[PDB]
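*Asks:* Below: the sequence, then the experimentally determined structure.
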Amino acid sequence: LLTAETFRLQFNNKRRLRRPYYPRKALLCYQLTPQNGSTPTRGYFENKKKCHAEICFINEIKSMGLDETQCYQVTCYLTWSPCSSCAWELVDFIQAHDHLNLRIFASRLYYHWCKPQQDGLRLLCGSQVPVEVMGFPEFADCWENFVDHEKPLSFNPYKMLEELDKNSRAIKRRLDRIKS
Amino acid sequence: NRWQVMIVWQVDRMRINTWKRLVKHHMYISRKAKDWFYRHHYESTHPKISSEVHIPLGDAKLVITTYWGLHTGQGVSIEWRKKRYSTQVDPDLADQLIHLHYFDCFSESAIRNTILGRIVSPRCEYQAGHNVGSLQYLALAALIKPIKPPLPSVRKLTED
Amino acid sequence: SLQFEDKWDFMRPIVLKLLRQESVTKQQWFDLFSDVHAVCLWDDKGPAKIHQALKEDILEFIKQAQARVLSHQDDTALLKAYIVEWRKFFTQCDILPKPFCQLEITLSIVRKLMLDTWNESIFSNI
Amino acid sequence: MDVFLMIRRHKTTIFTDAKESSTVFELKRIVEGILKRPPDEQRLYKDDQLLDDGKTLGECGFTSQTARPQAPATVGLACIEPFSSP
Amino acid sequence: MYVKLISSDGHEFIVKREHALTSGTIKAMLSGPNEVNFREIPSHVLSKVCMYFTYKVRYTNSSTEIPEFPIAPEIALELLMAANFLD
Amino acid sequence: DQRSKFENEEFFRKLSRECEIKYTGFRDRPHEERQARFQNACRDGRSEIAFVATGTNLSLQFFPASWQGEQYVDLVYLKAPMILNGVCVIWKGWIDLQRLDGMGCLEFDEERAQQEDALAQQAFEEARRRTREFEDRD
RNA sequence: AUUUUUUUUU
RNA sequence: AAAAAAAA
Ligand SMILES: [Zn+2]
Ligand SMILES: [Zn+2]
């Protein structure tokens, strides 16, 4: 799984990134909850060559197998949100599979100033898939979920989480105003 | 070997280009077709699909697919989809199903106002959505004659 | 234009003959159909004024029926009167709703109006 | 597409359908019998040719495109009474 | 079985019962307490109504070609009223 | 009413009449070579084949399964089950036994009609039957 | 490190 | 040259 340093660096939601100029890469943290009683299933994927994180996630969920008549709640925290090709592949996959309630949570928007990306996000919202910006609750959830806290770390996560939540207001407003 | 069979109506380049231009104009420049969708040729993994226009009707949708590399080549296909259930749809029924939700039609109290000579505000400029109905509509259309950029019609694109 | 003035009174004898199972010629039926359409079309205050007129007419007929059956307070007399009156309601619920088809188009309802009037006058009372 | 026809006997304006090349007797066997008239003492007419008596489906074989349900072609029987106008 | 609709001018149009059952007004008018008389519809409009009855009962089943009904506009308005009485 | 719908609606009457079907393709190539390409395309299902119905723009297109995602069809065995206009049908014909031309028509798919889901079918039925005209409140 | 413009401060 | 904010 992830790392505390990896979490704080790769899940940034700011528009500054300070003087150091490490690159931010799209990541997917998916979690499964079935209503039968099985434990939530946790996973994370990167933008492997060609296989964007979303597409990899789709292939993973298709390959690992699940019952068709049991409704499953899937939530994916995407670092960069889905692109237009991913916005269409995910829409098609979620229309094909009826029993999957998909919740996409984006820490920041991917080329939100371009028209096709806005249309893809509107498509995702319209086709039963609610895509919303990360706020403090999901930031904290994916913090204590997808990170091992055994190792020592600097920068108290309390501050980390509050910093991320504070950064995640302008982009929340941008997403709320981007749907039309 | 496994196959999937589906009906493609062969069209030439000019008509497909005109349909794409009209749907793009009314999606963005105009306001009638804002609720539709569009899947460009680079957003799909199908080697032959050049475009896909999605028209959401209620909880279902209508998908119009335009193809790349057929013979005697390209073509247009129409499908009606509702939660993994899909049917082939002819151009006339496609237009009729489109007109049910999107483009303005005569109001409920439109026959009466015309009967007394009163003005009727909401008309029906999408004639292609009406293919036999009732004599009231025929008389009304013969009474009032009902757009500079033509509206997107599936039957005109899928002509010949 | 011409709605409910010199028009509803024209069909009032026809309405009360249609009620109570009184013989009415077909030509009168066609005339009443035309008059109902003209009333519901020319000024459109049909599903309200025709509604009130039909409601008061059916209520008056129900009251007259109660007056004519209270003279038959005997249990056997009450039962036979109820039987013949149920035949009357069957015939009226069959025939009366048809002329007021345009009531549904604008907004039958006369059948359920008669149903609730009979429920209040008879079913609720007895 | 079978031919569609209307017969104008003065006021009466019967409407019916017939085959593309059906004989006149098939036109006036039972179809005219609705008027309670047997084939005897009855003869069809058509414009000015008068159709003679019957059995000749050649001249009576009106083309389908010439007589549509939207605009059926008159026949006549015996004068006709023209329709009124607003 | 053929019904005989009489217009306001006395012009009797005889039509098939299933063709004249298209309009709900006729279907409700006939059954109850044959032949149907009218007080307002003239001959030149009842004729068009019967023509439309035939045209619709013929072309409703068709799904490929639907030829247009030729309606003269100068009378269409009046025709509309008659249609509003029937359909 | 799916079973009855085939016998009267004109679309199926014109579609199911043993229509002549001609393969469209590499007609520019020599006829012997062209029928060789058709044979080797039918041999391994890794291409598309279109039949033009000989007179209309309507064409039946056979694409390989693995072209629109993974999610019976033969190839005298030209069985093509689909759901046309809301009713399950099978386009059946023969073109592969001959060189490059043949016959093709429609037959009812009773098995697919029974196996098809009900809610969406009646939803489409209500969508098709109803008319937009004079429906908006005013 | 997804880009452009605008505003304030040093 | 650097920091913070808003919009596309
Ligand atoms: Zn992507
Ligand atoms: Zn319309």
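*Replies:* Nice, thanks for sending it over. Numbering: from 1, shown residues only, chains lettered A, B, ... in the order given. Ligands and ions are numbered 1, 2, ... in the order given.
*Asks:* so who does the closest residue to chain D within chain F touch?
*Replies:* In chain F, the residue that lies nearest chain D is residue F:10 (11.6 Å; CB to the nearest CB). C-beta coordinates here come from the backbone N, C-alpha and C atoms, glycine included. Taking CB atoms under 8 Å, 6 or more residues apart in numbering or on different chains as the criterion, residue F:10 is in contact with E:61, E:62, E:63, E:64.
*Asks:* I'd like to know which of those residues are buried.
*Replies:* E:62, E:63 (16 or more other CB atoms under 10 Å in any protein chain shown).
*Asks:* tell me which of the contacts of residue F:10 is nearest to ligand 2?
*Replies:* residue E:63 (19.4 Å; CB to the ion).
*Asks:* mind checking the SS state of the closest one?
*Replies:* Assigned with DSSP: H, G, I helix; E, B strand; the rest coil, residue E:63 falls in the coil class.
*Asks:* Can you verify my assumption that it contacts residue F:11?
*Replies:* Yes: contact between residue E:63 and residue F:11 holds when scored by CB atoms under 8 Å: they sit 4.2 Å apart.
*Asks:* Now do the shared contacts for the two.
*Replies:* In contact with both residue E:63 and residue F:11: residue B:90, using CB under 8 Å, 6+ apart.
*Asks:* right, quick check: the longest helix along chain B against chain F, any contact?
*Replies:* If you go by DSSP state H, chain B has its longest helix at helix B:13-24. No: using CB under 8 Å from any CB of the partner chain, we find that helix B:13-24 stays clear of chain F, coming within 10.4 Å at best.
*Asks:* buried set for that helix?
*Replies:* B:15, B:16, B:19, B:20, B:22, B:23.
*Asks:* can I get those in CSV with distance to residue C:92?
*Replies:* Converted to CSV, the buried residues of helix B:13-24 look like this (distance: CB to CB, whole Å):
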residue, distance to residue C:92
B:15, 61
B:16, 63
B:19, 58
B:20, 62
B:22, 58
B:23, 57
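*Asks:* who touches residue B:128 in this structure?
*Replies:* B:95, B:99, B:151, B:153, B:155, B:156.
*Asks:* that older thread, between the buried residues of helix B:13-24, which is nearest chain E?
*Replies:* With CB to the nearest CB as the yardstick, the closest approach to chain E among the buried residues of helix B:13-24 comes from residue B:15, at 19.7 Å.
*Asks:* Please list all residues in contact with that closest one.
*Replies:* B:156, B:157, B:159.
*Asks:* Among the residues you listed, name the ones in helices.
*Replies:* Using DSSP H, those in helices are B:156, B:157.
*Asks:* wait, which of the contacts of residue B:15 is closest to chain C?
*Replies:* Of the contacts of residue B:15, the one sitting nearest to chain C (CB to the nearest CB) turns out to be residue B:156, at 34.2 Å.
*Asks:* Helices of the chain, start to end?
*Replies:* Unless you meant another one, I'm taking chain A. Under DSSP H, chain A gives helices at A:4-10, A:53-64, A:84-96, A:115-126, A:136-145, A:157-167, A:170-178.
*Asks:* switch to chain F, that's the one I care about
*Replies:* Going by DSSP H, chain F shows helices at F:2-8, F:10-15, F:31-43, F:110-115, F:119-129.
*Asks:* The second one: which residues count as buried?
*Replies:* Pointing back at helix F:10-15 there. Applying 16+ other CB under 10 Å to helix F:10-15 flags F:11, F:12, F:13, F:15 as buried.
*Asks:* Including distance to chain A, could the residues you listed go into CSV?
*Replies:* Output for those, formatted as CSV (distance: CB to the nearest CB, whole Å):
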residue, distance to chain A
F:11, 27
F:12, 29
F:13, 34
F:15, 29
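*Asks:* Can you name the residues that contact the residue of chain F found nearest RNA strand G?
*Replies:* Proximity of chain F to RNA strand G (CB to the nearest atom of the strand) peaks at residue F:69, 27.9 Å away. Counting by CB under 8 Å, 6+ apart, residue F:69 makes contact with A:92, A:96, B:45.
*Asks:* Residues of chain F that sit close to chain E?
*Replies:* F:8, F:9, F:10, F:11, F:14.
*Asks:* rerun that using 10 Å as the cut-off
*Replies:* Counting by CB under 10 Å from any CB of the partner chain, the residues of chain F lying close to chain E are F:8, F:9, F:10, F:11, F:12, F:13, F:14, F:85.
*Asks:* Looking at these, which is nearest residue A:133?
*Replies:* residue F:85 (43.6 Å; CB to CB).
*Asks:* what does chain C have sitting close to chain E?
*Replies:* C:17-18, C:21-27, C:29-31, C:33-35, C:37-38, C:41, C:91, C:94-102, C:104-105, C:108.
*Asks:* Of these, grab the buried ones for PyMOL.
*Replies:* Isolation of the buried members of the residues of chain C next to chain E (16+ other CB under 10 Å) is achieved in PyMOL through the command below:
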select buried, chain C and resi 17+18+24+29+30+31+33+34+35+37+38+41+95+96+97+98+99+100+101+102+105+108
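*Asks:* Narrow the residues of chain C next to chain E to those in helices?
*Replies:* C:17-18, C:26-27, C:29-31, C:33-35, C:37-38, C:41, C:91, C:94-95, C:101-102, C:104-105.
*Asks:* and the residue of chain A nearest ligand 2?
*Replies:* For chain A, CB to the ion, closest residue to ligand 2: residue A:126, 24.5 Å.
*Asks:* Checking the residue nearest to that residue when sequence neighbours are not counted next. Helix, strand or coil?
*Replies:* Residue nearest to residue A:126 in three dimensions, not counting chain neighbours: residue B:56, with 6.7 Å by CB to CB, 6 or more residues apart in numbering or on different chains. Here residue B:56 takes the strand state, with states given by three-state DSSP.
*Asks:* shouldn't residue B:56 be in contact with residue B:80?
*Replies:* No: in this structure, residue B:56 is not within contact of residue B:80 by CB atoms under 10 Å, at 11.6 Å.
*Asks:* Which of the two has more residues huddled nearby?
*Replies:* Counted by other CB atoms under 10 Å in any protein chain shown, residue B:56 and residue B:80 do not tie: residue B:80 has more neighbours, with 26 against 16.
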